[PDB]
Amino acid sequence: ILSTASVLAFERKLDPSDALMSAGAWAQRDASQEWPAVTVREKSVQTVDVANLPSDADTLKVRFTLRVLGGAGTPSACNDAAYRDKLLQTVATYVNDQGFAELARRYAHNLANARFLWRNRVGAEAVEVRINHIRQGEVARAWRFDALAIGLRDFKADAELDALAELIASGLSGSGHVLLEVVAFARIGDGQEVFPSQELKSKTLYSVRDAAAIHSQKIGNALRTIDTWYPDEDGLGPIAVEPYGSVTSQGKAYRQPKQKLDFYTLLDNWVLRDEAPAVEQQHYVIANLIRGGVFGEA
Amino acid sequence: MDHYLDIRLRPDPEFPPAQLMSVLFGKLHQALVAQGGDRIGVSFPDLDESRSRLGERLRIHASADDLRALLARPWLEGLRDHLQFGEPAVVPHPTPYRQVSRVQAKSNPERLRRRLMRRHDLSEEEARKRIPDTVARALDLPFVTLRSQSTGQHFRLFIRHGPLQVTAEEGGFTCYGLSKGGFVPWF
C-alpha cells in the first residue's frame, strides 16, 4: 500500500541562533568586539516600545550562529518504517542526482544578502555580511560578502559564494559539522530606528538580557526564502519555502493545492506512486524537508 | 518640468507596499535636501480616491538635467530590489495639470496647549477650557509615515492631489516633492 505515516515530525536543519543587534560606526567594524548593544526603551506617545541607534553610531551589528546538521531526509519520529525507508531511498536518490548543490547555493545567498535583516536593509545604503567558520573554537575560513551587489531577487554566482555553497552542502550531506558566526553590517543611518522582532505597554520589542534581539525563527524564515519555482506572476521575487507557498505580506498562498504544486502532493507523488516531479519541484520538496515540519495524515 | 520618471514598487513577500512608499518617500526627501532645487514634482498615477489609497506607482516630474543629477545621486542604493523604473522620458502634450499639497492636521490638542503655554503663559485649566479635546482633526486623505533626523518623532505626511485644471502655474516645489504653488501633469 505504502501510505503516509501518521506522525512525520521533521527537525529543523540550519538551526539559527537568536540574533542580537548592536550599534557602531562604519570603518570601525574591524574593531567590532565591544560594540554597545541597543536596548528596548519604553516611550510615552499610551506608552510603546522603541529601539534605535545612539547618536555616535550608524551601523547595525546583528550576530547569530547557524549550524548545518545533515540527515535532511531522516524524520525524527516516523510512524511507518517502510515509509521511512522509501523516503530515505528517495532523498538519497535526490542526493545522487545532485549533492545539495542548488539548495546550499541559495541558502548561501540568503546568508550573503542580509535578508535576515528584514526591515534593517531597506533604508541602508551599504550592507555587509561577515561569516566566520568556527571549528574547534577557531576561525577556519572567513568570508565577507556584500548585500548591495548580491540582489534579493536574482540568483547569481561568485567564487567565495561557491566556497560557502560547498561548505553548506557538505554540512547538509553529513560529511562534517558547519558552524557559522554571521555578523551583519548595515548603514541604516545615524540614530535611525531599527526593527527587532516584536513580542506581545501595547506593543513591546523582544530582547534577551539588557540587549535587544531578533527571533531565531525570523532568521529561519528569511533563510528559507529561496522558492522561485512557484507559478510566479506580477513580478514577485523569491518566497519562503513553506507548505502551500504562503506569504503574509500579499495575504495569498502560491502553490495552491488545487494545482499539483504544493509540497504535500509533490511528496505523495514522489515517494508513494513513484511519480517523480521536476528538478525544481524536488528542490522545493527537499528545502521543505530541510526546514522541518509536522507532516503526516490524521 | 517636461520630463517624468515612473518608479513602480516591485511587490515584496516581506512588506506591504505602504512601507515601501514610506521608505522611497524618505529617500527622495533626503535626495532633494542634498541636491537642492524646487522644480521637482511628485504625483501618484494609480491614486484611487475610493479608500484614499496611494496606489503602487510613483511619478516624478522634473527637467532633464535635474533628473540626471537625481539618478546620479547615490540615494538610489539599497532600493533596486524593491523598485523598478524606466527612463526620464517626456510627458505627453495634451495633459491636464493638477496640484499636490501637504495637508497637515492639529490632531493633538495637547501640542497646541503646550504652544499656548509658550505664547500667553496660561495655566493648564485655562488651556483645557479654552481648547477642548474635540479639536482633533481627522483627515481622510492618502498619507505616508516618516521619521526625521532633526526631529526624532515619527510624523505622518498627508498628500492630496488637487482638481484637474487646464494649464500649469509657475510655482516652486518643497523638499518632499509637494507643491508650494507648483503644478504637475496628469496622465
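Annotations
- Cα point-scatterer Debye curve for the stretch B:1-150, base-10 log of I(q)/I(0) at q = 0.13, 0.17, 0.20, 0.21 Å⁻¹: -0.74, -1.03, -1.29, -1.39
- Separation of alpha-carbon centers, the stretch B:22-85 and the stretch A:183-224, rounded to whole Å: 28 Å
- Each part reduced to its alpha carbon centroid, the stretch A:235-261 and the stretch B:138-187 end up 36 Å apart.
- In terms of overall dimensions, the C-alpha atoms belonging to the stretch A:5-47 reach 52, 41, 14 Å along their principal axes, ordered largest to smallest.
- Just so you know, the Rg over Rh for the stretch B:1-43 is 1.03, from Cα atoms, with Rh as the Kirkwood radius.
- Each of A:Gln259, A:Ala186, A:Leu272 was placed along the dipole of chain A (beta-carbon charges, centred on the mean Cα), and the one lying farthest toward the positive end is A:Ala186.
- Computed Kirkwood radius, in angstrom, where 1/r is averaged over Cα pairs of the stretch A:128-267: 18.3 Å
- The stretch B:87-187 - Debye-derived log10 I(q)/I(0), Cα point model, q = 0.25 Å⁻¹: -1.25
- 3J(HN,Hα) along the stretch B:149-159, derived from phi through the Karplus expression 6.51 cos²θ - 1.76 cosθ + 1.60 where θ = phi - 60°, amounts to 6, 6, 10, x, 6, 8, 10, 9, 10, 7, 10 Hz, with x in place of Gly and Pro.
- Translational D in µm²/s for the stretch B:115-157 (Stokes-Einstein at 25 °C, 0.890 mPa s, Kirkwood Rh from C-alpha pairs): 185 µm²/s
- Percent of Cα pairs in the stretch B:143-187 per distance bin of 10 Å, from zero to the largest separation: 21, 45, 24, 10, 0.
- Computed on the Cα atoms alone, the convex hull of the stretch A:180-236 gives a volume of 197 cubic angstrom per residue.
- Here the dipole of the stretch B:1-122 is about 820 debye; that uses its Cα centre as origin and unit charges on the Cβ of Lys and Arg (positive) and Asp and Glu (negative).
- Distance between the 7 Å Cα→Cβ label points at B:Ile131 and B:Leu116: 0.7 nm.
- Overall Cα dimensions of the stretch A:1-130 - principal axes, largest extent first, Å: 66, 38, 25
- Across the protein assembly as shown the C-alpha pair distances fall into 20 Å bins from zero in the proportions 20, 46, 28, 6, 0 percent.
- Computed [θ] at 222 nm, helices only, for the protein assembly as shown once each DSSP H run of length n ≥ 4 contributes -39500 (n - 2.57): -8000 deg cm²/dmol
- For B:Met1, B:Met21, B:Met117, A:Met21, order by how many other beta-carbon atoms lie within 10 Å, fewest first: B:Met117, B:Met1, B:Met21, A:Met21
- Computed over the alpha carbons of the stretch A:237-298, Rg followed by Dmax gives 11.6, 35 Å.
- Taken about its Cα centre, the stretch A:214-294 carries a charge dipole of about 280 debye when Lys and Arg each add +1 at the Cβ and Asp and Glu each add -1 at the Cβ.
- Computed over chain B, relative contact order equals 31 percent, with contacts defined as Cα pairs under 8 Å that lie 6+ residues apart.
- Restraint check, A:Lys43/B:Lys129; A:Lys218/A:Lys252; A:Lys203/B:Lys129; A:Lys61/B:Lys27; A:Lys218/A:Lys260; B:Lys27/B:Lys180, Cα-Cα greater than 25 Å: A:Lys43/B:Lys129; A:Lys203/B:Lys129; A:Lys218/A:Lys260
- Inter-chain Cβ neighbour average for residues A:121-128, partner chain, 10 Å: 5
- Cut-off under 5 Å, modelled amide H: who pairs with A:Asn52 long-range: A:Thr39, A:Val194
- Cα-centre dipole for the protein assembly as shown with unit charges at Cβ (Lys and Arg positive, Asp and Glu negative), debye to 20: 1600 debye
- log₁₀ of I(q)/I(0) at q = 0.16, 0.26, 0.31 Å⁻¹ - the stretch A:63-103, Debye sum with one point per alpha carbon: -0.52, -0.93, -1.08
Computed from the coordinates by the stated procedures, all read-outs in this text should not be read as laboratory data. When we count neighbours, we look across all protein chains shown, and the Cβ atoms used for this are built from the backbone with ideal geometry, even at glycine.
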